[PDB]
Amino acid sequence: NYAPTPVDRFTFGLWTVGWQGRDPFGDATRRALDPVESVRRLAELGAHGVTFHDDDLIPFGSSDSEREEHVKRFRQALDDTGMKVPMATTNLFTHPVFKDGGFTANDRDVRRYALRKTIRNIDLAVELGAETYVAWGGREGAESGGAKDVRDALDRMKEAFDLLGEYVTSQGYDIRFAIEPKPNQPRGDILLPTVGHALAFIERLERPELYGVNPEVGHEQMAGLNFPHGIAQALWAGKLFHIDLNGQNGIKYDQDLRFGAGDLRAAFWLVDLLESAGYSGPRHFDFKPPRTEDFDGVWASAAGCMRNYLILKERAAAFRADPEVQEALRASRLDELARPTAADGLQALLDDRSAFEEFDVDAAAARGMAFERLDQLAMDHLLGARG
Amino acid sequence: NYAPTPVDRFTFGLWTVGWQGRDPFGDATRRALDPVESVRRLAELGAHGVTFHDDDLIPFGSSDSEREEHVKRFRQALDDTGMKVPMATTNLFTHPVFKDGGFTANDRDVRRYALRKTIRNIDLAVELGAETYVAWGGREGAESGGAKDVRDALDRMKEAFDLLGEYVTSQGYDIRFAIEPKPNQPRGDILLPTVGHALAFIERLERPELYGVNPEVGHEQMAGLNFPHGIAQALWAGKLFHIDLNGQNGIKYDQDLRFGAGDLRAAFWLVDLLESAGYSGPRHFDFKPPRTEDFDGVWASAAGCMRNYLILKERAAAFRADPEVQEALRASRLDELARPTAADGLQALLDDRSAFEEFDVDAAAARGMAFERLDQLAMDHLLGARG
Amino acid sequence: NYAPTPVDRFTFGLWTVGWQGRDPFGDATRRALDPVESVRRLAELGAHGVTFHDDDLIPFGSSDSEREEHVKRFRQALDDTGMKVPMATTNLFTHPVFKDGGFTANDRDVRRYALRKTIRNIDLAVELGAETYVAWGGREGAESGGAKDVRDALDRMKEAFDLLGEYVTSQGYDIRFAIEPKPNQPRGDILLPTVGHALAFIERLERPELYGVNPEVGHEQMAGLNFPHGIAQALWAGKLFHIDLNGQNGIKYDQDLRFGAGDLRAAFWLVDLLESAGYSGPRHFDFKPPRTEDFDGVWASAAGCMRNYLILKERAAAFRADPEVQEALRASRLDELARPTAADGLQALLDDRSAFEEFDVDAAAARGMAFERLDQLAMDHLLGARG
Amino acid sequence: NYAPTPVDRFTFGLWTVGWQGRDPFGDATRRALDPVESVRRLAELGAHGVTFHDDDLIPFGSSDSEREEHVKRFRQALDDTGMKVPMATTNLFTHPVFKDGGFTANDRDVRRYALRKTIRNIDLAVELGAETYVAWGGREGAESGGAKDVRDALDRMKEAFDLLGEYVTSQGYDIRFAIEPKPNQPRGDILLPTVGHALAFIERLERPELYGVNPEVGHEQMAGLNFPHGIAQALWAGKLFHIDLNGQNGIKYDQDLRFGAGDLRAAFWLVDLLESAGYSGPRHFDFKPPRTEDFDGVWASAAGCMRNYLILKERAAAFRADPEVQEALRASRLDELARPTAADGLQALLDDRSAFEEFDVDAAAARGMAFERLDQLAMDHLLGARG
């Protein structure tokens, strides 16, 4: 039951199942995986595709001949399995040169290098068929207040993204960009810390249509925010270009648990939203099998990501299709929320005594919302306990 | 020393010093204050002005004659003291009718009433000389996932703000709107939970130039975010129309401590930013004297808000003016951060071997940022411990 | 299905279903309930009993004749329904006199009054058959560092609890005390903020056997802690005298959602622990039906607390009884965790070359824990998705 | 000014200034330091001593001859500088063998090895003159609910600490143990997550007098708790055997900022408490110079830890010595808090009409606490803004 197929568009980063287990306090617990191994194993589990940072696929500093051989082997694995590559990204965070940032490093020479590193990888992403290019500015930020003038840093970040937009336009590429917010870690505070801040920034770019967001479940939850609500705002703005699925237990370091772990009810409401809205992008997992696991546990954890999505999809669909739930949604006036407040227009509203002088505020205030019954129907559906 | 004057544009809500001390668990500890009393006492402390919700100035449900008398007495107090009213707002949160929201209530009749209540108060705000009209949507949100379709709620919130913009345009008013984000409390999650989400929303309004943000120190800190960073993004966007100053100890219920309490170093960096950027708006305090205090403690707490701002202003100015700090800022390359990455343009960057093939990444990575020395100079200046 | 019966020992505070809906920003949305009404309605839902603060049952300041009549009516309702009263507590937080504390108020006269108020209610609790007397020191704490010397406050808190222990001993009562920790709210920081701090304090009382803890789900989660882990430590110490069940979404104000809401997987692990350990006390709900609800929603929310406990009980029992789970627990060495490290004793351990010189650390480190497979079996059982 | 001397008992872990800068996302930015270098540089800054994990001083897996040479070189550096070694600890977290724990690993062979590794290092600590042996159980915990039975884990943790107590008793050593709590990171939840939980656990050991706590500023703040309050409880219990000083910005990953950074006002109240209580132990810094820094920034950051302690010590002493503050403390009844509630005894309290029938609750409730004036005097003293 709940068996994933490529149809479900489940994707995984090479760095997810390939995470060797090094953490702030501990050495690696697993050997490095050849990307070819990961592609073949993920395909066997029913994944649709993989994603990569440049330096996951091509060791940093590789010669041109080494780069070609790494890409050739990877493409053979994709061809052997039918796996796709819908998204790629640049590693602008691991190498010590990026310790103060890539695009917003105080040192101008580093900013220029970061752009050139990204541009090289955009070319590769396009050659592999990627539709989306993600940017996670994990080093953009500060541990202290004097270190980073945020207005200047935002100017530099806009300049960088505008140059990348000029680049893809000039080459005729169809790829689009997706900015991944995170509030903190590894920097004390990271620039563009939430979906909202990223959406706001995009509106000030020269070609805003080329940019959207790549929200990650656990990153919004590291600020204690409601991930489904933030996804709703991204959808409302037309900017949900990609998504990163995982789990998180609240306000902690970025745990990258398998999807469904962490906040299970938020996972339910997320799947309900994505499916109801008809989100058509990859269901991408940015997770880490815990370092306690051997490789059998790696593949079990990856399989669990997909399984949990499919269980939640079934339960959310049953919730929405249940005539008792539909009645409860009407009892709670969800239908009214979807109707305009004043399609009659401003003057008619100002002239409408039913909206002020003759509005019976105490009668209105007496009406219960019936939200608790609705929520218990949702709980019963999630748990398969209807009756 | 540190004596405030009206020149400093310090303002206070009537509901701040007038808070009677009722909390989730406790009855009022102070009698209600007449707004006339608050105006006269605040003026004696050196405040510039006050702000109000409709229902702070005019008891809910007052007749027209009662409304006129309350406003007349208030205006006499303003005239007697020279106090101004730079900002006003609507209470769309206390009355039970607003239990599911004002502008985004599921019930359409409530949404229409909320708009009419706001419009009536915009007229009054203009008559009192206010430049800014704040909206704090404290009831807009949910405790459960099925109760509120966030895309529909954002449609209703946009409709409401668009109607208010049509209204002020039609009346020829110069007032502008400022949206106050908050992540949670009293709703489990509130819509537009951060400065970023509010900035992003504004960009989708029909007349975005009429709307900005009113960020509150403690509200951003309730999501664990960096308040100075968020203010920098608002300034970068040209949207810092007003600000609410207070203190907060991290991720808790909204404490509304006096300004300078809570995160003292964030208060220092905030004042540094506001003064450096030339922010010209009110320095408004949205705080609550703790319920442990009698009226002498109320006025002591209000005086402390202003005193702490003025101490921090002195220390931040001394930091920026110190030639040793200026040298440390150059050592940390803050000057370079402010210079364009690639004013030479995209093609020149692509052709520049110094940005890629000839970039010595290990030499770059070896350079220290010297941020710790800079931050200790900042600490020494804040504490008055230079030497 | 999942129908509660008095056998299940589900109990509710009068103040839970009776909460009128006043919050930091909003007036009451529901009329006050007569305790007689609440007893009869809860009995109809299958509750076992109720609990009370003194001032929930007897209005503060009542005369002796008024007190007798309120108690008589309540006892008739209990007799009419078969409902029990297993626990009672004192309200040392609502009245303004308690603004700086009860037992740890700086004012000595208030501390003495708080003790007398509690002692009067212990007598009543015993007359009603209560086995446990809870103390929630919600006003014990501070908003500022100079206001409360914590060593002195702990001396006063120990003195108070020691006097109460002397009192019950002297009267021959069998009741025991349960201290309810909370980290903050309504005070900026509350003394004894977690289960651990309360357990540690109890060990320094003169008669520690008379005192245990009353942990509340949401209070531990307000510090981001793992509630099942804290309950395990309380059980390990022999100190889980009572428990408060509810839901919470992480690090926020105390939400008091119905049980099962908030962190659903933590609720599953909690029920698994309570049932596995054979906890025999009341399953008490300290929750608040949201202020959006009318009375039908109040009773729906209360019914949901019990329903969710019973669903989780079924799922946790099925998890523990499944031979595949039992095999996975052995694969993860949960059996070994339960066996002594060195029953052979210290000298034998020191002499055992297999514990040092001949321990193959790399072979040990290569063994996977198989925790992800185990956790996915747990998820499948919780969701009823085995297969 | 503020120049540290060995008299001040400032100490640093080898792993602090020696941190190479590897984080969850980034490679090392600094070369490894020879412990001899660190001892000599710290001495030049005015430190009193250093501390070590076994594997900081002796590379894991060293032969006996290699171990002797590493210790000999270190002891020569200590002799050359006058630096002391007051504390040592075991690394039971870095090596992959400890991925599920040391003392509470599910695998019994690992638990036995962890004990033998610790015992070997206790012998070395004693030879170097250490008075305290710290245990930080950073791997004791879980990412999932089924992986770790916490009651069984606490049994194993008690067994381990009891064996270590038997060991030191049997060898006649004067060293004592200090348990360092942390709530999470690197495990999803760590056992004994706060000072309170550790204090409670110690009370159940066979020889509790041999064990205390080593609280760390940032670890308590990762649960949003008040660090000075927790230190007060440890002092009240007689269990503050050692302390780790650093900074933290709230509920995040463990930042290990220099002391004084993060929550500056909490640092002030901590120093006030330690000095007022006469804490006589090391002032130990467990911090990490940010990875942005070169070695000059490492030593600047270490110097800043000590400088900030000394500034705060001066300001707290001036606060306590100021006759205006002493008057404000009396106005706020801090003197009364320190006096027994009922030295007259239980019967006299029960017979005292002034404690109940004749207690004027409204007159008591009208008295203001004057805490805001007191706190503003504290702010003025911290900032050196008295006047």
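Every chain is named by a letter (A, B, C and D) in the order it is written, and numbering of its residues begins at 1.
The rule is short, and it goes like this: a contact is a pair of C-beta atoms (placed from the backbone, for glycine too) under 8 Å apart; a residue touches a chain by one contact, two chains touch by 3 or more.
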Repeat of the A-B interface, chosen from A-C, C-D or B-C (over half of contact pairs identical by residue number): C-D
Chain C and chain D, separation of their C-alpha mean positions in angstrom: 29
Centre distance in Å when chain A and chain D are each reduced to the mean of their C-alpha atoms: 38
Chain D: positions in contact with at least two other chains: 29, 95-96, 99-100, 143-144, 147, 184, 189, 222, 224, 251-252, 261, 265, 290, 292, 365, 367, 369, 371-372, 375
Graph class of chain-chain contacts, one of line, ring, star, complete, other: complete
Interchain contacts, given as pairs of chains that touch: A-B, A-C, A-D, B-C, B-D, C-D
List of chain C residues in touch with chain D within their complex: 95-97, 99-100, 103-113, 115-117, 119-120, 142-156, 159-160, 163, 166-167, 170, 183-184, 189, 191-201, 203-204, 222-226, 228-230, 232-233, 235-237, 251, 265-266, 268-269, 272, 277, 329, 332-334, 336-342, 346, 349-350, 352, 354-356, 359, 361-362, 364-365, 367, 369, 371-372, 374-375, 377-378
Chain C to chain A touching residues, read off their complex: 1-2, 29, 221, 224, 250-252, 258, 260-265, 289-290, 292-297, 300-301, 303-304, 307-308, 311, 315, 365-373, 375-376, 379, 382-385, 387
Parts of chain B lying in touch with chain C, wherever the complex brings them together: 21-29, 93-96, 98-100, 138-139, 143-144, 147, 184-186, 188-189, 222, 249, 251-255, 257, 261, 290-292
